[PDB]
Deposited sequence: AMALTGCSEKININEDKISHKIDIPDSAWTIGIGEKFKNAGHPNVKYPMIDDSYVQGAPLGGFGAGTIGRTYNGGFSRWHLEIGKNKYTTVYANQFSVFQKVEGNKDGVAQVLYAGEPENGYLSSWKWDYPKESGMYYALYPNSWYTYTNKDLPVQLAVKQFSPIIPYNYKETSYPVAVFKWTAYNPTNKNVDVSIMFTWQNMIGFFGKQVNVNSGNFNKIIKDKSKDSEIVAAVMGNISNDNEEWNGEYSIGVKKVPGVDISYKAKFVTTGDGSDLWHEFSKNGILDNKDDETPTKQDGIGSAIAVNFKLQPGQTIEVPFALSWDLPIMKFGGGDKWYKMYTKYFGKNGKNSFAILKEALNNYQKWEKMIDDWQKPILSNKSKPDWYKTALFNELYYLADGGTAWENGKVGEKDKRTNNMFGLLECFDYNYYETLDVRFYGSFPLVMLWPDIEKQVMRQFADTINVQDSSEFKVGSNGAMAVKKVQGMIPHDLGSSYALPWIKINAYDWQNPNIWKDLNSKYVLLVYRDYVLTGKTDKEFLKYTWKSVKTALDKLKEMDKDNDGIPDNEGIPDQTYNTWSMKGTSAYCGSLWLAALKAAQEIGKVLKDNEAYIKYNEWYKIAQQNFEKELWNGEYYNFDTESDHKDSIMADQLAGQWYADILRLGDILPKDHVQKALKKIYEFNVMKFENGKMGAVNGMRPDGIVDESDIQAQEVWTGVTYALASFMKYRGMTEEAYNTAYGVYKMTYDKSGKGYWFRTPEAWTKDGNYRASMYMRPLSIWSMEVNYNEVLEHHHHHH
């Protein structure tokens, strides 16, 4: 490996061998069908709300999130980079697809597949990823840096449906070598959203944009139809000329054939036919190819950028609504703008690299923090783009000031912005994209007093329940299968209108969002204040026994939705205390004296009784009325965790909080698989995992990272990082279960998982508060 020195990969990048087989991979531990796309994954490409594309460590474009809210794992084999090399003096060169695999049928059989093992590495530090190619049959060593411009405090480039591939080629040998790099792409119009005639009308055109010191050559792969529909738009691939390279192209090769129309050209001398051909296809799949060829002398390095864009302006949800995607603000809505997007990237990618470096540098340069922590901190952010992210710029046929946003809970449980989850998972948004975060919370504010008295069948018990109760915060803002933003509470497995954590978590999120954006946004507090008061006032009505605290009902009625709480719980109780303290402080800021007094009175009563009911001398009991009420819950003081972040002070005595956190580390972490797998949710006081429900026996990745942040704030530095380390290890390490770029909600002691690609572990960003 002589190429690594010619590029700049951070030491904290996650690494794996190209073509590496992973032997320890976990699988779902549930009885019901659940997504398992295996461990062949990579960091995604694409902006927020753009649709994303997962290019895996083996090189394939395989995890398709272009249909917003859907996960489709299938390798489109025509989409590749390939290389040709010929040593000066030799009669023949070699050509190789840079993909560690081969197609499953006979399409593209002429191409040279099966990039060999032990011949290159993949690296990722989101939003960047890299491949290096160090192959005994390729004398010139190559590397590529690929990324999209995901940039904190930037709502423009961060939305773009674009990727850059910055190639570096170096000749360490003593002979001249001719080298070509070729990007192939299938015209994927009709891959989704089209009910018949999936390739019909697809056609490819070549754009040559020549100006002074700028030559771009690109293929635009579109359809003859000018219809404005979810399926229609354009893909583009292209390259920018640099000194010492020549560009060649082929407009049209058949992807549903053996590929020799292209490969007989590329494999001879790495130079394509430059054949334009705008003939639309009928049934055949078609694709385009863009190549560069250059001669490298001994010791010479060359850099050359390629790009990919996709202009698919319309997202459609299963309930029928069609929306424009956010990036259309910057490029237009007609779906004929892929070249403009590509050109912007090829002319500005160096600026974008610097902008990414500028935001990663404060963390990467901090030599007090271990590299593993940096690996997880940046790579968990993959989910912000890869979580079915929807970001609208108008309803089709509709202008408003704001752009509504939603991130999925996950794909298995297809609900936008699930609030009990976003309490943990929204840290990156408030910290890095706060205008999105505040927009989401206004979306929730607007739902508080919505009443939908139409009844739905509850999945878990078959009862009928009201869809949405006035004054109760919704579980979610809809499903991609139905109507995001319009029809809330798509979750129907249980009735969220009786949950005891949603209304408190809502208030805590509101005040968090004020505090972590500098305590200056009084307008945001004003917008949300009525909803805050309503939410707490409704929750107060659920106090059955007048101890000042809402009663859990002995059926799951909170985020641990199979782990029943009854009476006063540490979890819902502490969240309630913190929410009351938050509302007092908002009352003070907004000069609402009567609200301040009321919530102060409720707080003092509830605080006294919480302590009396639950403090046992070592930790806070799980609850007051359950069969294993004395279980040690990892998340028992979630309200105090948030109170620390919100600078609300002590809701419980410092001594008791410290004792409780030490007990959780000693038991839920260190007595669970030697503290190498995170914090198990429930442990009995005898040091045996609580078996009352599956959730008690799970580690929740997002709960564990949040607990680590709580420990860190409380000065338990070693315990914090040791607790988080087990989550990192399981997700990323060779000794773990292969969950990189699909971090799950949960695992059990055997390492098997529930709900890959989950929002909650974005809570790792609470460790950066």
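Gaps without C-alpha coordinates occur at 1 to 15, 414 to 415, 787 to 799, with positions taken along the deposited sequence from 1.
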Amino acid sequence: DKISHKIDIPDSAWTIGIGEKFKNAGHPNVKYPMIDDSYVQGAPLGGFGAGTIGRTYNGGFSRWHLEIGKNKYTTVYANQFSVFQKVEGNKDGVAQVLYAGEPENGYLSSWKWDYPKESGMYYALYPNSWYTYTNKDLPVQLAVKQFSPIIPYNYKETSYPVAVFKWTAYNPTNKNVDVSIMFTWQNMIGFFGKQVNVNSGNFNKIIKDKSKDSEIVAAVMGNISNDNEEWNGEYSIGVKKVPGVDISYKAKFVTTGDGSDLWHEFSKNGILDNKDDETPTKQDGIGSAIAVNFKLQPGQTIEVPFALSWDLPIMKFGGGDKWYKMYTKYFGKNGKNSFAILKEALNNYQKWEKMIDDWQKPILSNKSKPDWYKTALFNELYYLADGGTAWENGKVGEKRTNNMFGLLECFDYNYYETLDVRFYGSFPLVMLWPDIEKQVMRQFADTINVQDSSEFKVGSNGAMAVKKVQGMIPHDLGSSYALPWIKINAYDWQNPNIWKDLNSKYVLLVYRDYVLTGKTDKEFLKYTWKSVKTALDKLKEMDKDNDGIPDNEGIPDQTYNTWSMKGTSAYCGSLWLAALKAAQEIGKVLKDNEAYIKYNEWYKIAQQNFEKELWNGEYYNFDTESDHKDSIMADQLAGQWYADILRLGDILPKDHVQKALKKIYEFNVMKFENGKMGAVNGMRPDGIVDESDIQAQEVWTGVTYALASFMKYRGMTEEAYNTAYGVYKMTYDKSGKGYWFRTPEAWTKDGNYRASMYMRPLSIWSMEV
From here on, numbers count along this sequence of modelled residues.
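When the C-alpha B-factors of 260 to 268 and 144 to 152 are averaged, 260 to 268 comes out higher. The question of which stretch, 92 to 100 or 72 to 80, has the higher mean Cα B factor is settled in favour of 92 to 100. Which of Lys343, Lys367, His656, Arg442 has the largest Cα B-factor in the deposited entry comes down to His656.
Among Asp551, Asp420, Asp284, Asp644, the highest C-alpha B-factor recorded in the PDB entry belongs to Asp551. When the CA B factors of the chain's modelled residues are split into thirds, the value for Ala570 lands in the middle one.
When the CA B factors of the chain's modelled residues are split into thirds, the value for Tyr713 lands in the highest one. In the PDB entry, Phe203 places in the lowest third of its chain by CA B-factor.
When the modelled residues of the chain are ordered by their C-alpha B factor, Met767 lands in the middle third. In the deposited entry, the Cα temperature factor of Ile314 sits in the bottom third of values across the chain's modelled residues.
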